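# Working through the structure, step by step
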Amino acid sequence: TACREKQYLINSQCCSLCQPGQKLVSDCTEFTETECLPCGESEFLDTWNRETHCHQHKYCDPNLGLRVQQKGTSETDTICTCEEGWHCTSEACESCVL
Amino acid sequence: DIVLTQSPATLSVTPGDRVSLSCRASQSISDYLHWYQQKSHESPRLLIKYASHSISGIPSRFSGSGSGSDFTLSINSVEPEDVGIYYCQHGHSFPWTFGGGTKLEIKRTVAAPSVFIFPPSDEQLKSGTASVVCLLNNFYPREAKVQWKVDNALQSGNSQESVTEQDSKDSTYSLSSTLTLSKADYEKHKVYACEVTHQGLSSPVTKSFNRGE
Amino acid sequence: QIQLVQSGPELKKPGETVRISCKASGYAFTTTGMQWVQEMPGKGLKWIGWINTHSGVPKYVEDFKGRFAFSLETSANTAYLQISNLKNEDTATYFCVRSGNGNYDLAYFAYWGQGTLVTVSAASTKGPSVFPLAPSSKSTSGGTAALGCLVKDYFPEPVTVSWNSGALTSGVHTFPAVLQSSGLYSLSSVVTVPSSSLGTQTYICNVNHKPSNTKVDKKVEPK
């Protein structure tokens, strides 16, 4: 049993998690550490994860008038800015208004 | 459901060449793309994981590239063994789909078939059926013509051909044509011949036998 | 290393059932979830879905759901797949697959089984008749003597043809089978040896038709 945090992945034994930006590809063995490969194009993971697939970045729909503040990394999502003429509807940032 | 379009459908290549087998998805599948090699009479073999990542045991030649919608499996220095069907398969959302396959055909110099004629067995005959076999061993290209003749009579529509796959060593095909008769029809004639007509042949080859000799 | 051994080839009449086994070895059976693939004669590959080798909970791909079903015997390191109310469209080769190393999704199939061919037919099994395709001794093409076996009138596919109990390997050509009018199959296995050996070396073809429990050994032989 047991398992130290940010490592805690336990299945017969204690494996480590994936650093944010990496996703799981193979479990660990009695004598092999976890797999983890870095998140693909358009994808990210901000957690020490035991996840198969990363998530797609936020988008920022221009049909709703959204710019991009920070183009997301494999570690952080895309920071969704609002139009350079329009104010954001709610504390970052789904609907935009005048 | 994702659609993995593998074009070209087939690709004839000489050895030593650089090769680039393509795969294009309907949606963007990010980096969730995998490559499989399936040789004849063998299960598939995983070559590439997550578009670019190398598999333990896969020859150095194979390497993959790509992101989102367009991906490419590249064979650096195509070998005669690399003759097979190549599949791409995704991971980015249930269910998982494979692709077309791109049949890789190794190119080689002309080669003439070795021709052989086999009379029907002592025992196959005690049954009541006569099967006469014509073997065309190790040749190139695949296209070849076999005509059977019984007492110089041109036989038509009583023989079946089956061709092998391209050899993993010498890039050649092989064929078996089998003329089938009643034991009665067999015993009623004497000269059995197959006339092979290949590009590697200057003049058609006619291997034959006379029954009861 | 890690190995996936499957069940023998089956033949079933339409509307019946069939179960294919898969015996995983070389790893901890419960650590890695088992998956299944369907290879269509000639055509492409379709992922049937997967099973959790720990919870036993399966995820089936929609088309396959309802007729196909994953079952496992942990104690034996054997996963199964049983096809209910067999349709003619189900005549295919079935593969059990593994990898990655977890009991999750993971689309990369690093380990494959040998395949299990299921034949859906109203026809019954017929054992092959093996016949010698005798060598000439006198007639030599490329300085080589050709000899073989005729694996006549058998059903269903497939047949295992080896030479000299696996010893003779190169220069062998086991042809693709041909289904005749009679509804039965027939193929020939040929091997090109040097003409000198026709006296000294004794050649044997080992034929095996698992669906009719037929195992034959013909002695080839010239004249």
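Residues numbered from 1 in each chain as written, not as in the entry; some residues may be left out. Chains lettered and ligands numbered in written order. Heavy atoms only, no water. Residues with missing side-chain atoms left out of burial classes, pairs and counts.

### Some details on the domain arrangement of chain C
Residues and elements named next belong to chain C. Note the following rule: Where each domain starts and ends comes from a domain assignment, either automatic or drawn from a database. Between two residues, a contact is recorded if the distance between any of their heavy atoms is within 4.5 Å. Accessible area that two parts lose when put together, evaluated with a 1.4 Å probe and summed over both, is termed the buried area. A side-chain nitrogen of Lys or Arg and a carboxyl oxygen of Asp or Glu constitute a salt bridge if their distance falls within 4 Å. Any pair of nitrogen or oxygen atoms within 3.5 Å is treated as a polar contact; in protein, a donor-acceptor pairing is required on top of that, and neighbouring residues in sequence qualify only through side-chain atoms on both sides. Three classes are used: nonpolar for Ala, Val, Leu, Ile, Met, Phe, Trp, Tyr, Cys and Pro, charged for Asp, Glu, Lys and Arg, and polar for all others, with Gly counted as polar.
Split into domains, chain C comes out as domain 1 (1-122) and domain 2 (123-223). Summarising the inter-unit geometry, the C-alpha centres of domain 1 and domain 2 are found 32 Å apart. Contacts between domain 1 and domain 2 engage 7 residues on the former and 9 residues on the latter. For the pair domain 1 and domain 2, the two sides together bury roughly 610 Å², of which 69% comes from carbon and sulfur. Here domain 1 and domain 2 share 0 salt bridges between them. One can count 1 residue pair in polar contact joining domain 1 with domain 2. Per-class residue counts for the side of domain 1 that touches domain 2 are 4 nonpolar, 3 polar and no charged.

### Here we look at the pattern of salt bridges
Under the convention used in this document: A run of H or I in DSSP becomes a helix once it reaches four residues, and a run of E becomes a strand once it reaches two; helices and strands are each numbered from the N terminus. Relative accessibility decides the category of a residue: with a 1.4 Å probe and only protein chains considered, values under 20% of the type maximum give buried, values over 50% give exposed, and everything between is partly exposed.
One pass over the structure, following the stated rule, counts 13 salt bridges over all chains. In this structure, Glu123(B) engages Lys218(C) in a salt bridge whose closest nitrogen and oxygen atoms are separated by 3.1 Å. Here the residue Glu123(B) occupies a position in helix α1 (residues 122-127), and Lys218(C) occupies one in strand β19 (residues 214-218), the pair thus bridging two chains. According to the relative accessible area criterion, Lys218(C) is partly exposed, its value standing at 21%. With a closest N to O distance of 2.8 Å, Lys183(B) and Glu187(B) form a salt bridge. Of this pair, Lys183(B) and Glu187(B) both sit in helix α2 (residues 183-188), separated by 4 residues, roughly a single helical turn. For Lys183(B), a relative accessible area of 33% translates into the label partly exposed. Classification of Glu187(B) as partly exposed rests on a relative accessible area of 33%.

### A word on the sheet that holds β19(C)
Residues and elements named next belong to chain C. The criterion, for reference: Two strands pair if DSSP finds at least two bridges between them. Each axis is a line fitted through C-alpha atoms, and for a helix only the stretch in contact is used; angles between axes span 0 to 180 degrees, taken between their N-to-C directions.
What the 3 strands build is an open sheet, ordered β14-β18-β19; its pairing is antiparallel. A single partner strand is all that each edge strand has here, and the edge strands are β14 (160-163) and β19. The average angle at which neighbouring strand axes cross in this sheet is 15°, direction not considered. Note that strand β18 (residues 205-209) and β19 share 5 bridges and pair antiparallel. Pairing of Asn206 across the sheet is with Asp217, part of β19.

### Observations concerning the UniProt feature "disulfide bond" in chain A
Residues and elements named next belong to chain A. Quick reminder of the rule: Pairs of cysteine sulfur atoms within 2.5 Å are identified as disulfides in what follows. UniProt positions are given in the numbering used here, feature names are shortened, and annotations may be inferred rather than shown by experiment.
A sulfur-sulfur distance of 2.0 Å is found for the UniProt-listed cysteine pair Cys15 and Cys28, consistent with formation of the disulfide (criterion: under 2.5 Å). Of this pair, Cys15 sits in the segment before β1 (22-23) while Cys28 sits in the loop between β1 and β2 (37-38), and the two are 13 residues apart along the sequence. Given a relative accessible area of 2%, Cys15 falls into the buried group. Of the disulfides listed in UniProt, the one linking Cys60 with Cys80 is reproduced by the coordinates, which place the two sulfurs 2.0 Å apart. A residue pair is termed long-range when its members are at least 10 positions apart, and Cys60 in the loop between β4 (55-56) and β5 (66-70) and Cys80 in strand β6 (residues 79-82) qualify at 20 residues. You'll find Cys60 and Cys80 in the same group, each marked buried.

### Focus on the sheet that holds strand β10 (residues 103-106) of chain B
Residues and elements named next belong to chain B. The mixed open sheet is built from 6 strands, whose spatial order is β2-β10-β9-β4-β5-β6. Taken across any chain shown, the strands that pair with only one partner, and hence form the sheet edges, are β2 (10-13) and β6 (53-54). Here 6 bridges tie strand β4 (residues 33-38) to strand β9 (residues 84-90), and the two strands are oriented antiparallel to one another. Directly across from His34, in β9, lies its bridge partner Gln89.

### Brief notes about unusual backbone geometry
With omega at 0°, the peptide bond leading from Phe94(B) into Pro95(B) counts as cis. Relative to the helices and strands, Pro95(B) is located in the loop between β9 and β10. The omega torsion of the bond from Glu157(C) to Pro158(C) falls at 15°, within 30 degrees of zero and hence cis. When you line up the elements, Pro158(C) lands in the loop between β13 (144-154) and β14. Look at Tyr50(B): it is not a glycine, yet its phi comes out positive at around 45°. With respect to the helices and strands, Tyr50(B) occurs in the loop between β5 (45-49) and β6. Residue classification places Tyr50(B) among the buried residues on the basis of a relative accessible area of 4%.

### Overview of the packing of aromatic side chains
For clarity, the cut-off: In this scheme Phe, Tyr and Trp rings, the latter by its six-membered ring, pair at centre separations within 6.5 Å, and the angle between planes marks the pair as stacked below 30 degrees, edge-to-face above 60, and tilted otherwise.
As enumerated under the stated definition, the model contains 19 aromatic pairs over all chains in all. The structure contains a cluster of three or more aromatic residues connected by ring pairs, namely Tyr36(B), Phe98(B), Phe95(C), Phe109(C) and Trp112(C).

### Here's the deal with the state of the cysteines
Residue and element names in this part refer to chain A. Counting across every chain of the model gives 11 disulfides over all chains. Note that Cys39 is cross-linked by a disulfide to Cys54, the S-S spacing being 2.1 Å. Linking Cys39 and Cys54, the disulfide has an S-S dihedral of approximately -90° and is accordingly described as left-handed. With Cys39 in the loop between β2 and β3 (43-44) and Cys54 in the loop between β3 and β4, this pair connects stretches of sequence that are 15 residues apart. Summarising the burial analysis for this pair, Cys39 and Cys54 share the class buried.

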